[PDB]
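The block underneath contains the structure these notes are about, expressed in structure tokens.
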Amino acid sequence: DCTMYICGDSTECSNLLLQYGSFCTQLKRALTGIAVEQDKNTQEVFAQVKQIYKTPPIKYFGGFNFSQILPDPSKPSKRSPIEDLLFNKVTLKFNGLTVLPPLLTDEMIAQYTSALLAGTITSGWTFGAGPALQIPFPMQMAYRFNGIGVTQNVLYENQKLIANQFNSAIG
Amino acid sequence: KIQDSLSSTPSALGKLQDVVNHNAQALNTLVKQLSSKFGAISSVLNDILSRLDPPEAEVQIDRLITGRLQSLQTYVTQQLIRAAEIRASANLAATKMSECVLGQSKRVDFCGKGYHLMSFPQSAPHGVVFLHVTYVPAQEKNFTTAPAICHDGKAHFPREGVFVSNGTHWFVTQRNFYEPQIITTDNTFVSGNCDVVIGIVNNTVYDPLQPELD
Amino acid sequence: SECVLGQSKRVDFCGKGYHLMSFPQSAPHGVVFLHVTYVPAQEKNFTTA
Amino acid sequence: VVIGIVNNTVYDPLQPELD
Amino acid sequence: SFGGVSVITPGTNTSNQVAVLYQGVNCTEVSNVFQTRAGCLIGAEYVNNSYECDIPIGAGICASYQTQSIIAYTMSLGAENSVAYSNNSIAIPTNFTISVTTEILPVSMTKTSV
Ligand SMILES: *[C@@H]1O[C@H](CO)[C@@H](O[C@@H]2O[C@H](CO)[C@@H](O)[C@H](O)[C@H]2NC(C)=O)[C@H](O)[C@H]1NC(C)=O
Ligand SMILES: *[C@@H]1O[C@H](CO)[C@@H](O)[C@H](O)[C@H]1NC(C)=O
Ligand SMILES: *[C@@H]1O[C@H](CO)[C@@H](O)[C@H](O)[C@H]1NC(C)=O
Ligand SMILES: *[C@@H]1O[C@H](CO)[C@@H](O)[C@H](O)[C@H]1NC(C)=O
Ligand SMILES: *[C@@H]1O[C@H](CO)[C@@H](O)[C@H](O)[C@H]1NC(C)=O
Ligand SMILES: *[C@@H]1O[C@H](CO)[C@@H](O)[C@H](O)[C@H]1NC(C)=O
Ligand SMILES: *[C@@H]1O[C@H](CO)[C@@H](O)[C@H](O)[C@H]1NC(C)=O
Ligand SMILES: *[C@@H]1O[C@H](CO)[C@@H](O)[C@H](O)[C@H]1NC(C)=O
Ligand SMILES: *[C@@H]1O[C@H](CO)[C@@H](O)[C@H](O)[C@H]1NC(C)=O
Ligand SMILES: *[C@@H]1O[C@H](CO)[C@@H](O)[C@H](O)[C@H]1NC(C)=O
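Residue numbers (the authors' numbering), protein chains in the order written: chain A, 737 to 828, 854 to 932; chain B, 933 to 1146; chain C, 1030 to 1078; chain D, 1128 to 1146; chain E, 591 to 620, 640 to 676, 690 to 736.
Here it is in structure tokens:
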């Protein structure tokens, strides 16, 4: 707030400031533009999924353990333990200055993240290109192995070792 | 339907009208800031010179010069910022043109949503409009699947596609379009025994050469 | 878009090694990507023609 | 069903072998 | 106590109704009065049906013209879609559709000199 910051309660100061012109219009316009830009960035980043997908109750995906990345209802906010650690490790009107809140709350961002996770683990890469085709996760892994130039048998013959290594990597 | 989408929605080209509106607003405010006195006795150098003598009018002229210099400096700073932004936008547009019009990009969501097929550029007053022709699956159906087939004590994996079943029968089909084919040696390859694979099923893998060779 | 909603052939855009998949994670002021990738080992020597 | 289809000999390598 | 006031408006094209948002103010110290994390909202009723965000207020709340009055609501991220996962079943597309998405990008400004 130009008045509060520059002058405060001084009416003669406000009268003197009115002589300078339209500096404060530009200032407020730029600040509101920055705010809308941050909001648009958050939206474009976290709202890429079309619909909020769900996860099956049976949390079994052929030995792959996603408990460290999937949301945990055992706490108030539906956030994974990794997300909880990330949030805990990051620490977070005064004479004119104010801080407006974001449009998407932390809970909504977490819901978008959970939807993206469910889609990725339940329908492969298809949910990002059309209807979310339900596909088994070992077959998704075979698809991606073929994608990196490795045949599917290389997976299907080591599935157990691969899943164990993946769990250890998440840990 | 592209033309209908462009006609019904008047705010479809807002991302392109915004830059013109911003330039117009910047010029308008830079023109209007001339009426500002900047603490001087008047905003018109003609009157400032006519009323006062040079000795005492020099301070007022210096005040107005300082004010206008600062205003123009702020204007050019904002102009440089917006120019950097539009330079980034133009770089993105050139990358999109190069990777969508001159060819096909495996990028999943660069040239529009869905599996990209091709693109068509269209001119604009101050930008570019891309018509991204894409490929989107539709009308899907459920099927039973197995990662391999156990035949003659050997495991069979598909060369391209996946094994599918509608009950009492099995077929091979490409993942992006349903086209059931008989499981034969031409569309499958053997690798080791069928005891190590998890979830393997048993089905007849017809040899395409055995009937003719017999 | 590239890593989570698909599989990129870009050799260094979704983490080191051959990229398989990635999982996004929210943050108070950003996003944390967990790039699951493939890395070989035990490079045995062989004679080729 | 295909438009613009033409005719030509498609040899089968199994015939000359006669296995 | 002080704070900026914003005017929620559906546009003079539609109606003259307006709702005022006192940013960050707790209206216990200054027809429907509704308190949100972004401030206090006067002139808009809180509807419990979730809709797409028309006018963003903040903290996950948006406003729009009901059609009749200005309603405030918690924005919906999207419709729930449960995917039937199974380690022995798949979904395969028996069809396809060709679509044409329209995209726009600015390339240049107005060349200016002073
Ligand atoms: C794939 O989809 C297209 C269109 O969605 C189907 O084409 C329709 O076929 C029916 C009956 O054959 C016609 O009555 C419609 O007029 C067709 N649509 C159009 C736009 O021409 C096509 O049959 C589908 N393919 C399969 C295998 O189901
Ligand atoms: C996944 O790992 C966590 C942590 O080690 C463990 O508590 C959980 O039981 C594991 N998942 C399963 C299905 O065992
Ligand atoms: C597959 O079956 C489920 C019910 O188990 C159903 O909801 C779903 O729509 C089916 N898939 C398709 C593509 O119809
Ligand atoms: C499965 O599909 C095949 C397609 O050739 C058909 O011949 C067969 O009758 C179908 N079986 C059932 C049980 O629907
Ligand atoms: C598929 O999942 C079910 C339930 O989790 C399980 O009983 C079954 O053994 C699984 N199939 C295989 C091949 O592991
Ligand atoms: C392959 O040969 C090189 C050169 O003799 C040697 O340094 C390397 O260790 C060999 N590979 C392995 C896996 O030992
Ligand atoms: C190919 O041969 C078929 C029958 O032998 C005939 O009907 C058709 O017209 C021929 N097409 C061409 C291009 O020769
Ligand atoms: C008034 O015009 C605006 C601008 O396009 C539009 O968004 C709104 O729907 C219009 N309202 C009516 C009642 O026509
Ligand atoms: C507003 O004040 C009331 C009464 O002290 C309190 O219960 C409420 O939590 C406050 N809300 C905000 C957003 O400050
Ligand atoms: C929404 O629910 C609250 C809580 O029960 C209630 O006070 C309010 O009147 C409801 N809104 C409408 C439009 O009914």
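Backbone N, C-alpha and C fix where the C-beta goes; we use that ideal spot for every residue, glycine too.
Contact with chain B is found for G889 (chain A), since one of that chain's Cβ atoms lies less than 8 Å from the residue's Cβ.
Closer than 8 Å to the CB of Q1071 (chain B) there is at least one CB belonging to chain E.
What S1030 (chain C) touches in chain B, judged by beta-carbon distance under 7 Å, is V1040 and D1041, going in chain order. When the five nearest sequence neighbours on each side are left out, the beta carbons in the same chain lying within less than 6 Å of the beta carbon of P665 (chain E) are those of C671, in order along the chain. Under a criterion of Cβ atoms nearer than 9 Å, the residues of chain C adjacent to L828 (chain A) are, in order, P1057 and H1058. The beta carbon of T941 (chain B) sits no closer than 7 Å to any heavy atom of ligand 8. For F1052 (chain C), the chain A residues whose C-beta falls within less than 7 Å of its own C-beta are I805, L878 and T881, listed in chain order.
Neighbourhood of ligand 4, defined by CB distance below 6 Å to any of its heavy atoms: B:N1098, B:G1099, B:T1100, B:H1101 and B:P1112, in chain order. Only residues of its own chain outside the window of five on either side were considered, and among them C1043 and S1051 have a CB closer than 6 Å to the CB of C1032 (chain B), listed in chain order. Annotation for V1133 (chain D) indicates a beta carbon within 7 Å of some heavy atom of ligand 7. In terms of Cα proximity to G857 (chain A), the closest of A:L754, A:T747 and A:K764 is A:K764. Exclusion of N717 (chain E) from the 7 Å shell around ligand 3 follows from its C-beta lying no nearer than that to any non-hydrogen atom of the ligand. At least one heavy atom of ligand 8 is found less than 7 Å from the C-beta of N603 (chain E). Take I1132 (chain B), set aside five residues on each side of it, and the residues of its chain with a beta-carbon closer than 8 Å to its own are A1078, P1079, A1080, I1081, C1082, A1087 and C1126, in chain order. Taking a Cβ-Cβ cut-off of 8 Å, the neighbours of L1034 (chain C) in chain B comprise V1040 and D1041, given in sequence order. Residue-level contact by beta carbon holds for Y756 (chain A) and chain B, with a gap shorter than 8 Å. Distance between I882 (chain A) and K1045 (chain B), taken at the CA atoms: about 20 Å. For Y796 (chain A), the number of other beta carbons within 10 angstroms of its own is below 16, and it is reported as exposed. Excluding its 5 nearest sequence neighbours in each direction, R1107 (chain B) has C-beta neighbours in its own chain below 8 Å: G1093 and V1094, listed in chain order. Residues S591 of the same chain have their beta carbon placed closer than 7 Å to that of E619 (chain E), with the five preceding and five following residues left out of the count. Contact annotation: the region 998-1014 of chain B does not touch the region 973-988 of chain B, with fewer than three C-beta pairs closer than 8 Å. Using a cutoff of 7 Å, the CB of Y707 (chain E) does not count as near ligand 5, since none of the ligand's heavy atoms is closer than that.
Closest by C-alpha distance to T676 (chain E), out of E:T604, E:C617 and E:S735, is E:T604.
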